[PDB]
Amino acid sequence: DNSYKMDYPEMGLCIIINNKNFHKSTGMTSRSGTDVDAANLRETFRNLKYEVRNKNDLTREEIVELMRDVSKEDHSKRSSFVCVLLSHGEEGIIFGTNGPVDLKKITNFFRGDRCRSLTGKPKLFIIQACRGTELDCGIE
Amino acid sequence: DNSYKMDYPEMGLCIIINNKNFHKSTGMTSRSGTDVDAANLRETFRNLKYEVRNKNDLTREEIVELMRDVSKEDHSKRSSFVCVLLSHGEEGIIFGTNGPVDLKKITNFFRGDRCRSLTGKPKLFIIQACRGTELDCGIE
Amino acid sequence: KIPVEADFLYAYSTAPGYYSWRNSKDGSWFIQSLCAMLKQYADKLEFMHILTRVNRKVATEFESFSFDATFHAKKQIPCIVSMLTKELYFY
Amino acid sequence: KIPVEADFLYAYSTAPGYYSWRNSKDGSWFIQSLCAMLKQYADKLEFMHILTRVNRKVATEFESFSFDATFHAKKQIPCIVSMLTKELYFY
Ligand SMILES: *[C@@](=O)([C]N([C])[C][C][C][C][C][C])[C]([C]C(=O)[O-])[N]C(=O)[C]([C][C])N1[C]=C(C([C])([C])[C])N=C([N][C]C2=NON=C2[C])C1=O
Ligand SMILES: *[C@@](=O)([C]N([C])[C][C][C][C][C][C])[C]([C]C(=O)[O-])[N]C(=O)[C]([C][C])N1[C]=C(C([C])([C])[C])N=C([N][C]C2=NON=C2[C])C1=O
């Protein structure tokens, strides 16, 4: 069988982290329009049968803490896991309201040996954030 | 039309760079087995109707030089482009027999505004090389 | 025994090293494209093909408009990174 | 007008930051798995699906065996990076 088993009692969780306002001490601008995405994703994934949880303006600490607790949950009856991050960022980084957080850190909570109840199950990370400062001028 | 037009007179080029022997000064071990890969790739893409070109033990300069020339060729009558790199490497890097080459360096030659005859056509880079020194111990 | 990095999928809104665009009233180009694509095809297409559709929608239907020449008429391409072992269907 | 970074596909043999494995007589786990899947499926499957089959085969059928404990019993997962705008069929 070359297709993930998506017939578990539940599709699984869909954690949406939407960061719009950032501490002045960061110099990050307010991400106007992000709420539209958040609400959009909530409806989309509800239609897909995912247990959606929205979390707004979280500090780096709050992000790591949240992701760590989600990974410690029992996903035995869940077919998969979805995490959406909406914020500013750099390559391999997403910003909490008060500072940078390396993506590898929150992703590791869910790696095979780390999250037993998700082992062998699809783990999706949808990321809306910058990965640098290069601009694509396009062609043709 | 959600599928690439692959009915051009030719499927395209398949450039295979097989680096097995490295200069003593690099401290790179001979890549035993790589020839089997090169031969395997040659037969596979021949069956897929690609114009295959095998190149062995190229220096950083030769890799760049080759990639520049290939990108300067006229691909108008070709459906796509394939490049396979077999060698030692690090994150975002591949080694010539005499030193490191940034993948972004040879990849740029084919970017939209750079290789007009391939604009809008699939450009594939198959890379057999390490991307760091992390080991995966597996689970279960 | 399987890799601990296996079965992960990262749907990046933009290519490595690049900026990612967001519209003040509609939201980010990538998220609005992803939602719209999931709406039309989540019941038909395998996830990778849906994300490819997202790549096409963002790359073709969007361009930046800014009074600042530096950020004007810019484009964007999403980046699908899959370590998945099987095909994924939302049904 | 499309992104200059669009229509690129990077089929990496391994995840970011990881080692890639090679067998002295059979070749690398990735390349031999890739060739096997292309030989069997290139006449029907879309490219991303073939690569996903490669992912599974590499993560499932291969494990290192070394006299050096540090490098013994290790696994590998390939990494598909797509900035493709359409589905790819080799026919
Ligand atoms: C992205 O993550 C982070 N950027 C800002 C880099 C920070 C790293 C620190 C380096 C010193 C972020 C994505 C997000 O969803 O918020 N990117 C943006 O804020 C993007 C950048 C391309 N961005 C920038 C800008 C201006 C031109 C700098 C004000 N404007 C918009 N939107 C308005 C717009 N202007 O022209 N077309 C549009 C849609 C924007 O999305
Ligand atoms: C890869 O790029 C890494 N390069 C840059 C060398 C750096 C290693 C650091 C050692 C001080 C390279 C890619 C390639 O296809 O040639 N990968 C390797 O050389 C891998 C690394 C995991 N590798 C290493 C080794 C030993 C254990 C270091 C000798 N051996 C093999 N193959 C034999 C083997 N041993 O156990 N199982 C197998 C299949 C190998 O592929």
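Computed from heavy atoms alone, side chains included, the values below leave out hydrogens, waters and symmetry copies. Chain letters run A, B, ... following the sequence lines, proteins first, then strands; residues in each count from 1.
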key: Sub-4.5 Å side-chain heavy-atom contact between B:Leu13 and B:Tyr50   = no

message = Can you give me the closest heavy-atom contact between A:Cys83 and A:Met67, atom names plus distance?
response = SG-SD, 3.9 Å

message = Does B:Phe81 form a ring pair (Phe, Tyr, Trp, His ring centres under 6.0 Å) with B:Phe110? I'd like the steps, not just the answer.
response = CA-CA 9 Å; B:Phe81 177 67; B:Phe110 309 88; 4.5 Å; yes

Residue pair C:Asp26 / A:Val36, side-chain heavy-atom distance below 4.5 Å = no

inquiry  = Is it true that A:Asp37 and C:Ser28 share a donor-acceptor pair across their side chains at a distance under 3.5 Å?
reply    = yes

query = Is the shortest side-chain N to carboxylate O distance from B:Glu73 to B:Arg78 below 4.0 Å?
reply = yes

NZ/NE/NH1/NH2 to OD/OE distance under 4.0 Å, B:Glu91 and B:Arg131 = yes

message = For D:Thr52 versus D:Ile80, what's the shortest heavy-atom pair and its separation?
response = N-CD1, 3.8 Å

ask   = So does C:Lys39 have more than 12 non-hydrogen atoms from other groups sitting under 6.0 Å from NZ?
value = yes

key: Value rounded to 0.5 Å, distance of CG in A:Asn19 from CG in A:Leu85   = 8.5 Å

note = Looking only at heavy atoms, the pair that brings C:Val4 and B:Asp136 closest together is N-OD1, 2.9 Å

inquiry  = Do A:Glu51 and A:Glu10 make a side-chain contact, defined as non-hydrogen atoms from C-beta onward lying under 4.5 Å apart?
reply    = yes

key: Value rounded to 0.5 Å, distance of CG in A:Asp113 from CG in A:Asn108   = 9.5 Å

key: Under 3.5 Å donor-acceptor, A:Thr107 side chain and A:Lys104 backbone   = no

ask   = Distance-only, no hydrogens or angles: does the A:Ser71 side chain make a donor-acceptor pair with backbone N or O of A:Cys115 under 3.5 Å?
value = no

request  = Say whether, by atom type as modelled, one donor and one acceptor occur between the side chain of B:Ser80 and the main chain of B:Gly12 under 3.5 angstrom.
outcome  = no

key: Side-chain heavy-atom pair D:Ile2, C:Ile77 within 4.5 angstrom cut-off   = no

request  = With rounding to the nearest 0.5 Å, note down the distance linking CD in D:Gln76 to CG in B:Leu135.
outcome  = 10.5 Å

query = Taking NZ, NE, NH1 and NH2 as the nitrogens, is one of them in A:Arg111 or C:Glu5 under 4.0 Å from a carboxylate oxygen of the other?
reply = no

inquiry  = Test side-chain hydrogen bond (donor to acceptor under 3.5 Å, both in side chains) on C:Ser66 and C:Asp68; report intermediate values, then the result.
reply    = CA-CA 5 Å; C:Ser66 175; C:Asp68 184 341; 5.2 Å; no

message = Run A:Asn18 and A:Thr34 through side-chain hydrogen bond (donor to acceptor under 3.5 Å, both in side chains) and show every step you take.
response = CA-CA 7 Å; A:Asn18 187 299; A:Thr34 183; 2.7 Å; yes

ask   = Going through the checks in order, is the side-chain contact (heavy atoms from CB on, under 4.5 Å) test met by B:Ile126 and D:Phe30?
value = CA-CA 10 Å; B:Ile126 302 170; D:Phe30 183 59; 3.8 Å; yes

inquiry  = Between A:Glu43 and A:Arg46, does any side-chain N to carboxylate O distance fall below 4.0 Å?
reply    = yes

inquiry  = Hydrogens and angles aside, do A:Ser30 and A:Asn21 bring a side-chain donor and acceptor to less than 3.5 Å of each other?
reply    = yes

query = Side chain of A:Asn40, backbone of C:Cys35: donor and acceptor closer than 3.5 Å?
reply = no

request  = Determine, using ring centers only, whether B:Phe22 and B:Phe95 are less than 6.0 Å apart.
outcome  = no

ask   = Can a donor-acceptor pair be found between the side chains of B:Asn2 and D:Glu87 at a distance below 3.5 Å?
value = yes

query = Which atoms form the tightest heavy-atom contact between B:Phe45 and B:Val52, and what is the distance?
reply = CB-CG2, 3.8 Å

ask   = Under 6.0 Å from the NZ atom of B:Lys5, do we count more than 12 heavy atoms belonging to anything else shown?
value = yes

inquiry  = What's the separation between atom NZ in D:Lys74 and atom SG in B:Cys137, rounded to the nearest 0.5 Å?
reply    = 3.0 Å

message = Using only atom types and a distance under 3.5 Å, with no angle test, would you say the side chain of D:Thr14 pairs donor to acceptor with the backbone of D:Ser20?
response = no

query = Can you check side-chain contact (heavy atoms from CB on, under 4.5 Å) on B:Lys72 and B:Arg68, steps first, answer last?
reply = CA-CA 6 Å; B:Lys72 291 179 61 184; B:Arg68 188 188 65 276; 4.1 Å; yes

message = Tell me whether D:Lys75 contacts the main-chain N or O of D:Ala59 through its side chain, where contact means a donor paired with an acceptor under 3.5 Å.
response = yes

task = Supply the atom-to-atom distance C:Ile31 CD1 to A:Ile127 CD1, rounded to the nearest 0.5 angstrom.
result = 10.0 Å

key: Non-hydrogen side-chain atoms of B:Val64 and B:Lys105 separated by less than 4.5 Å   = yes

query = To the nearest 0.5 Å, how far apart are CD1 in B:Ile94 and CZ in B:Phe125?
reply = 11.0 Å

query = Between B:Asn98 and B:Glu61, does a side-chain hydrogen bond (donor to acceptor under 3.5 Å, both in side chains) hold up when you go through it step by step?
reply = CA-CA 9 Å; B:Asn98 69 331; B:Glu61 293 74 42; 3.1 Å; yes

ask   = Is a side-chain donor or acceptor of D:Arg56 paired with a backbone partner of C:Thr85 at a separation under 3.5 angstrom?
value = yes

ask   = So, C:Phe47 versus C:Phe90, ring centres under 6.0 angstrom or not?
value = yes

query = How far apart are the closest heavy atoms of C:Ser64 and C:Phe71, and which atoms are they?
reply = OG-O, 2.7 Å

task = Anything under 30° is parallel, anything over 60° is perpendicular, the rest tilted; go ahead and classify D:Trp21 against D:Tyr19.
result = tilted

key: Heavy-atom neighbours of D:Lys1 NZ exceed 12 at 6.0 Å   = yes

request  = Decide yes or no for A:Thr44 and C:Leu34: does some side-chain heavy atom of the first lie under 4.5 Å from some side-chain heavy atom of the second?
outcome  = no

message = For B:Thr119, is there any backbone N or O sitting under 3.5 Å from a side-chain donor or acceptor partner on B:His75?
response = no

ask   = Could you walk me through whether D:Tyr10 and D:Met83 pass the side-chain contact (heavy atoms from CB on, under 4.5 Å) check?
value = CA-CA 8 Å; D:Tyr10 306 83; D:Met83 272 108 311; 3.7 Å; yes

request  = Taking all non-hydrogen atoms of both residues into account, name the closest pair between D:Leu84 and C:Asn55 and its distance.
outcome  = O-ND2, 2.9 Å

message = Within the structure provided, determine whether B:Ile17 and B:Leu66 are in side-chain contact (heavy-atom separation under 4.5 Å).
response = yes

inquiry  = Between D:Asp7 and B:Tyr4, is the side-chain hydrogen bond (donor to acceptor under 3.5 Å, both in side chains) condition met? List the steps.
reply    = CA-CA 10 Å; D:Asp7 308 313; B:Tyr4 287 116; 2.8 Å; yes

request  = Verify side-chain contact (heavy atoms from CB on, under 4.5 Å) between A:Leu58 and A:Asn56, making sure each step is shown before the conclusion.
outcome  = CA-CA 6 Å; A:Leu58 301 192; A:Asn56 311 92; over 6 Å; no

request  = Report yes or no: does A:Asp57 contribute a side-chain atom to a donor-acceptor pair with the main-chain N or O of A:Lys20 at less than 3.5 Å?
outcome  = yes

task = Indicate yes or no for a side-chain donor-acceptor contact from D:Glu46 to the backbone of D:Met48 under 3.5 Å, with no hydrogens or angles considered.
result = yes

query = Below 4.0 angstrom, N of the basic side chain to O of the carboxylate: do A:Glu62 and A:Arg60 qualify?
reply = no

Salt-bridge contact B:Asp1-D:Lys86 (side-chain N to carboxylate O under 4.0 Å) = yes

